[PDB]
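Protein chains in written order, with the entry's author numbering: chain 9, 15 to 103, 118 to 137; chain Y, 63 to 238; chain i, 32 to 128; chain U, 2 to 112; chain V, 15 to 46, 50 to 158, 169 to 216; chain 2, 47 to 92.
Ideal placement from N, C-alpha and C gives every residue a C-beta, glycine not left out.
For reference, the structure discussed in these notes is given below.
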Amino acid sequence: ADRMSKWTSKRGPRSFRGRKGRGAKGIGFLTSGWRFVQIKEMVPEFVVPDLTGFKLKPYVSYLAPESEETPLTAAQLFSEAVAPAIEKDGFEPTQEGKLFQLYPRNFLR
Amino acid sequence: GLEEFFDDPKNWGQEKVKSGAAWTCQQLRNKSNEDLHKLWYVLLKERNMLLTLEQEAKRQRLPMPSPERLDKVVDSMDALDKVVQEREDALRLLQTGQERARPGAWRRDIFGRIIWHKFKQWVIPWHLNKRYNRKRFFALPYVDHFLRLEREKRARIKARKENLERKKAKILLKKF
Amino acid sequence: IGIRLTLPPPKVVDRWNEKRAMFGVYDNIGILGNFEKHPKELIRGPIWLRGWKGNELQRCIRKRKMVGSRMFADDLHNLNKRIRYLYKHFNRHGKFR
Amino acid sequence: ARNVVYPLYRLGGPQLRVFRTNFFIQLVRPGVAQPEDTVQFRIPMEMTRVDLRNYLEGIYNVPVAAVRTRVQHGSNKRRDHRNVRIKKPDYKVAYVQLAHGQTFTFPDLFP
Amino acid sequence: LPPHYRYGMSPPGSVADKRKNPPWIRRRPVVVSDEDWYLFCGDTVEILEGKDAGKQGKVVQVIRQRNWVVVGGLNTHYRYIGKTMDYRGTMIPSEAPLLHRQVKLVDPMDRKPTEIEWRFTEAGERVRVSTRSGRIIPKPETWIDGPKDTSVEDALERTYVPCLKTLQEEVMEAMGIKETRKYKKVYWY
Amino acid sequence: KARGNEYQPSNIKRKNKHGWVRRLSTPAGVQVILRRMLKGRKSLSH
RNA sequence: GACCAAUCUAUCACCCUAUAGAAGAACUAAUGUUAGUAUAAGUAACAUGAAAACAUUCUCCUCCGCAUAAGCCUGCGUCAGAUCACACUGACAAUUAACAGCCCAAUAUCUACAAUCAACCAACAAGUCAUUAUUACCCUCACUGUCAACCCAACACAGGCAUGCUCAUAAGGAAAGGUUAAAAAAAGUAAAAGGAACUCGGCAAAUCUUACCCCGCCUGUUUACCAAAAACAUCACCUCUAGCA
RNA sequence: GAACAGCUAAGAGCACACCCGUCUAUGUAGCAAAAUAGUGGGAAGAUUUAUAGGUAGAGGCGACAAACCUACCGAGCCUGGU
RNA sequence: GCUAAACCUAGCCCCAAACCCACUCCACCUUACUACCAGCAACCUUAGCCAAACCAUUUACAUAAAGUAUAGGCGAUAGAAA
Ligand SMILES: [Mg+2]
Ligand SMILES: [Mg+2]
Ligand SMILES: [Mg+2]
Ligand SMILES: [Mg+2]
Ligand SMILES: [Mg+2]
Ligand SMILES: [Mg+2]
Ligand SMILES: [Mg+2]
Ligand SMILES: [Mg+2]
Ligand SMILES: [Mg+2]
Ligand SMILES: [Mg+2]
Ligand SMILES: [Mg+2]
Ligand SMILES: [Mg+2]
Ligand SMILES: [Mg+2]
Ligand SMILES: [Mg+2]
Ligand SMILES: [Mg+2]
Ligand SMILES: [Mg+2]
Ligand SMILES: [Mg+2]
Ligand SMILES: [Mg+2]
Ligand SMILES: [Mg+2]
Ligand SMILES: [Mg+2]
Ligand SMILES: [Mg+2]
Ligand SMILES: [Mg+2]
Ligand SMILES: [Mg+2]
Ligand SMILES: [Mg+2]
Ligand SMILES: [Mg+2]
Ligand SMILES: [Mg+2]
Ligand SMILES: [Mg+2]
Ligand SMILES: [Mg+2]
């Protein structure tokens, strides 16, 4: 009997305690006989490259110069990638069957 | 290895570190994608190390040598994330001209307030999903009274703030 | 104790203020301004009244029939309650009858 | 990552990738002296067991054998002058166990 | 922080400041305006009120939150710092703030208290200019690399190549990972 | 007998008798939640 | 009818006063409201078993204690300061699943002989547990609960709380702050002769008990919170209504 | 779904747990805005109870107590008319 | 002299004037802050207190005309336009 007490998994009964739970993000499902199925495709794979011979460092030196901030826009990217437009003197309009679709967020981060 | 969770043992017990200057936005924009990913990974490792050091210091009941480095690492991570988001937004605008990565649309719930409904992504269409069918979207007429009451409360708050600013300006003028 | 102790600061008062020095000016324009504007239009106040004394109940009915069309819900309800109470207290309660 | 919508894998979809991880992790000192080669970790909420396993195996390459996570509850018996409750931030805890009997010991600082 | 925060001499992040202004104070906020500030930290100023009404010094701190300016070696009040134990201890002359107007800026060679204007010059653009004459009053006022420091040229290589290739796809192509599977269409409601 | 003990706490019955679903099924609970939001309370319903 | 304490307004005042405009304009009381403080009052209520090297030992009680569904959320462990002395104030971290929860692809389709040691004996209240053929399916250990002296009664409340367990022991606790025992009351031990003769009543405590009248079939329920019945209900009888999904 | 020792031997009898409280005494700003012991009736059945859902006032329910419906029900409180 | 006594600035009411707000990141109608899979939903004469000493028909939601006509258990009252 508390309104300010935020409802969580440490309050309700066994049913709601095991149903809700913290941000678990369902990775698989159950198969009748309480036999969870770990879908290998849904398990994330941390793509970590090799940090061999890295030049930069997580900290910069104050001796470096200072430059103005200019948020990149679509016009600048178009002006940069302007090779075929000038050669006229390749584009992906429809990307429904593409690997990582742009408009519908299908790629993680 | 687990040794990466801590800095150079030679620096253990000094209350001073020589490292600062966070990665600005222009410096991150002037870099490739692989270099940006490597820098992000190194910054994440440094953040993990600094968080472990902070927890150890809190457990040992001692102050921090210099959280400025942690603040600068967090700022650099935020700047890298913002640059990546801006690049993705530019690519999306040049590919389809669609605003906001996550799709959505405006809708009217029961309260009537125009809320930006967020898509949950499903497998089956909407004309047969039992759960989504229950999530109706209409305010009905009787909620007009509550909407008018909320609008009147907002107008009262705005008028109160305006009179407050006017009285403050009058008092300031009286003082001089 | 109810009475305070230390006296107050010197309440400065500018008798020759911009409003005081011009208070009552440009009034009575009708008797000598070939009658062009009534003094009742000079006062700056409510819109439902601007040159009519009246009374409490009468002023309330005026504000209702002149501003009630754009008044808030709670304000309109309070005004109606006040009008009804004033009517019940005037046309029934009282003395000399 | 954390606080980000994931792509629902139907059936014949590609392998789920995770570029530029958001959530972080940090180890702490054993509370009641844990067994050998048993490292503790304070994991946020949006993180599972296999997630941490892959995270470690990909970043630090630590030969993680078994993991056993759990959620901890934050204190809440404290009020300010306003008589308002204060719930500390909750976090998940894990007990990673190295393989091959590497035998790891929690290092100490501030000599 | 809550509104009407009486900014004291101590910064808004010290133990003394927190002890002075606990989270249950409701004092009377002092009235202060004056957005075009000009008194910076380290400027030759001259006091014209109270003690040392003429002696020049140097500004140390400038708390613009309440229009306060601290000068070095002027308007100092003595204090028994700490004292740790129950005895004499040691006395130190602690400075005090001073509101603007009363404390004006000092000229280079003239060395007199005069008002400064914000004239838009051709140098781009607004700069201090005395009233008695020109005199552009200037503003007031080494790092060896470390183990985790980048450099001076690595951060200016400019390796970005604008190409519609996406970061995820580029990383996948660089790492050599292959995935012939296709992403079937999904619903969004 | 002791009449100072009538409360039998149970999250199930509590959420079933005063739940968002039950408060939005009928217009009664809708008006209740609207009035609560207009009043300015922190918690709208259990 | 004659004056007048306070305020704002327009008038020279300016160690506090005058002319006119206004009343939310003037308190010994309305078992009036808010804040502190007298009054019974330092009176009623109150705890902490003993020795001691504070290691440890001794005396007594126990229908209580163990784990769990319901319920709470860190609520007598450490670190420094606060004090019947402290569970009080700030940091420390716990509680890691194998126990329980989080659970079932479709189409036609069918389970007459209950359980009660179920075989003798059977009975009425007729009863809790099953699958057949085809299609497609082959990746497998993800998430939550795990503490305490604990829940609901405004209190640290002789009060209320289910399941499997020895119910007195391997669990669980201390009725006596220290002195004397004035008066009154209550819970217990015994009583020289009577055993109900004070009392409207055999109404507390002990025997353990014989024969009657009224009413109620007997069980069961009622006015939770003063009346628990000679009232309420029916196994038995009887009146009326209804020819149907 | 759960509970009902044992003893004598059937909506049988005594009696554990357990259900309610006919009576005394204490309490009456107390342990309690309804408590403490036995004498009390039942305790394989009109029996008690853990969980969930349904019956809401011109109403529901009611082995009629014109009783109960969140401490005060000859009809619980709130809102707006008041 | 213990306990006490005062500070006034944050903000409030009136109209005078415009017509207001509203998605960075995940989460929210199932048990709200829950990534995930086969089924009806809408439009309703408001009553009532009170006054006629009860009470049923009755009782209110710029200026002048005018509180006139008119309606009214023709009594308490209501009350327009050209
Ligand atoms: Mg009580
Ligand atoms: Mg008085
Ligand atoms: Mg009295
Ligand atoms: Mg009085
Ligand atoms: Mg007395
Ligand atoms: Mg004791
Ligand atoms: Mg436990
Ligand atoms: Mg004593
Ligand atoms: Mg004898
Ligand atoms: Mg005798
Ligand atoms: Mg006698
Ligand atoms: Mg006699
Ligand atoms: Mg007798
Ligand atoms: Mg007998
Ligand atoms: Mg009978
Ligand atoms: Mg009674
Ligand atoms: Mg009785
Ligand atoms: Mg009967
Ligand atoms: Mg019968
Ligand atoms: Mg009796
Ligand atoms: Mg009495
Ligand atoms: Mg009986
Ligand atoms: Mg019996
Ligand atoms: Mg028995
Ligand atoms: Mg009622
Ligand atoms: Mg009346
Ligand atoms: Mg009447
Ligand atoms: Mg007209």
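**Study point:** Chain-ordered neighbours of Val-198 (chain V) on chain Y, where CB pairs are closer than 9 Å
**Key:** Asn-95, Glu-96 and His-99
Review point. Nearest chain V C-beta to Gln-183 (chain Y) closer than 8 Å, yes or no?
Key: yes
Exercise for review: Report yes if the C-beta distance between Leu-70 (chain 9) and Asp-140 (chain Y) is below 8 Å; otherwise report no.
Suggested key: no
Practice item. Look at the alpha carbon of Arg-46 (chain i) and the alpha carbon of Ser-147 (chain V), and state the distance between them as a whole number of angstroms. Key: 40 Å
Exercise for review: Select from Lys-237 (chain Y), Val-145 (chain Y), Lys-220 (chain Y) and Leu-153 (chain Y) the residue whose C-alpha is nearest the C-alpha of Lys-93 (chain Y).
Suggested key: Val-145 (chain Y)
Check your understanding: Looking at C-alpha atoms only, which residue of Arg-50 (chain U), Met-46 (chain U) and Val-40 (chain U) is the closest neighbour of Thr-104 (chain U)?
Key -> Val-40 (chain U)
Review point. Is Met-199 (chain V) helix, strand or coil by DSSP?
Key: helix
Review point. Taking buried to mean at least 16 other C-beta atoms within 10 Å of its own C-beta, is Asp-70 (chain Y) buried or exposed?
Key: exposed
Point to revise | Listed by chain order, chain i residues near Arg-210 (chain Y) by CB distance under 9 Å | key: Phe-103 and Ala-104
Check your understanding: Using the beta-carbon count (16 or more within 10 Å), is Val-179 (chain V) buried or exposed?
Key -> exposed
**Study point:** Bounding residues of the alpha helix (DSSP H) (the contiguous stretch that carries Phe-121 (chain i))
**Key:** 104-121
Point to revise | Rounded C-alpha distance that separates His-94 (chain V) from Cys-58 (chain V) | key: 21 Å
Exercise for review: Compare the C-beta of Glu-214 (chain Y) against all C-beta atoms of chain i and say whether one is closer than 8 Å.
Suggested key: yes
Exercise for review: Quick one: give me the first and last residue of the beta strand (DSSP E) that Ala-66 (chain U) is part of.
Suggested key: 65-67
Exercise for review: Work out the CA separation of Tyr-57 (chain i) and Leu-73 (chain i) for me, nearest whole Å.
Suggested key: 9 Å
Review point. Measuring CA to CA, which of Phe-173 (chain Y), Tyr-103 (chain Y), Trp-178 (chain Y) and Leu-112 (chain Y) is closest to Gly-59 (chain U)?
Key: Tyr-103 (chain Y)
Review point. Hey, quick one: how far does the beta strand (DSSP E) through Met-111 (chain Y) stretch, first residue to last?
Key: Run containing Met-111 (chain Y): none in the beta strand (DSSP E); it sits in the alpha helix (DSSP H), 95-122.
Check your understanding: Are the beta-carbon atoms of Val-77 (chain V) and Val-88 (chain V) separated by less than 8 Å?
Key -> yes
Review point. Any chance the region 39-54 of chain U sits against the region 63-73 of chain U, with 3 or more Cβ pairs inside 8 Å?
Key: yes
Review point. Nearest chain 2 C-beta to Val-135 (chain Y) closer than 8 Å, yes or no?
Key: no
Check your understanding: Checking contacts by CB at 8 Å: is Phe-20 (chain U) closer than that to chain 9?
Key -> yes
**Study point:** N- and C-terminal bounds of the alpha helix (DSSP H) containing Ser-71 (chain 2)
**Key:** 66-71
Practice item. Quick one: grab the DSSP three-state call for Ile-64 (chain V). Key: strand
Exercise for review: Consider the Cβ of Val-79 (chain Y): report whether some Cβ of chain 2 lies at a distance smaller than 8 Å.
Suggested key: no
Check your understanding: From which residue to which residue does the alpha helix (DSSP H) around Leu-53 (chain U) run?
Key -> 50-60
Point to revise | Contact list for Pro-63 (chain 9) against chain V, beta-carbon separation under 7 Å | key: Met-202
Review point. Under 8 Å, do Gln-98 (chain U) and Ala-66 (chain U) count as touching if we go by C-beta distance?
Key: yes
**Study point:** Contacts that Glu-55 (chain 9) makes with chain U (C-beta to C-beta distance below 8 Å)
**Key:** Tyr-10, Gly-14, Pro-15, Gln-16 and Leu-17
**Study point:** Proximity winner among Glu-214 (chain Y), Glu-77 (chain Y), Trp-188 (chain Y) and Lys-192 (chain Y), relative to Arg-131 (chain Y) (alpha-carbon distances)
**Key:** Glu-77 (chain Y)
Review point. Is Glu-47 (chain U) close to chain 9, meaning its C-beta is less than 8 Å from at least one C-beta of that chain?
Key: yes
Exercise for review: Report the rounded CA-to-CA distance for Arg-21 (chain U) versus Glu-65 (chain Y), giving the unit in angstroms.
Suggested key: 23 Å
Exercise for review: Note down, in chain order, all residues in the region 81-104 of chain U with a beta-carbon under 9 Å from any beta-carbon belonging to chain 9.
Suggested key: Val-85, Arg-86, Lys-88, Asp-91 and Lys-93
Point to revise | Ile-34 (chain i) - containing beta strand (DSSP E), residue span | key: Segment: none, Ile-34 (chain i) is in no beta strand (DSSP E) and carries neither H nor E.
Check your understanding: Using the beta-carbon of each residue, which ones in chain 2 are nearer than 9 Å to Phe-30 (chain 9)?
Key -> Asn-57, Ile-58 and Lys-61
Exercise for review: Have a look at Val-94 (chain U), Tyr-56 (chain U), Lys-88 (chain U) and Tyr-7 (chain U) and flag the residue whose alpha-carbon is nearest the alpha-carbon of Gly-63 (chain Y).
Suggested key: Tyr-56 (chain U)
Practice item. At 8 Å on the CB atoms, spell out the chain 2 contacts of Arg-17 (chain 9), in chain order. Key: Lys-88, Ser-89 and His-92
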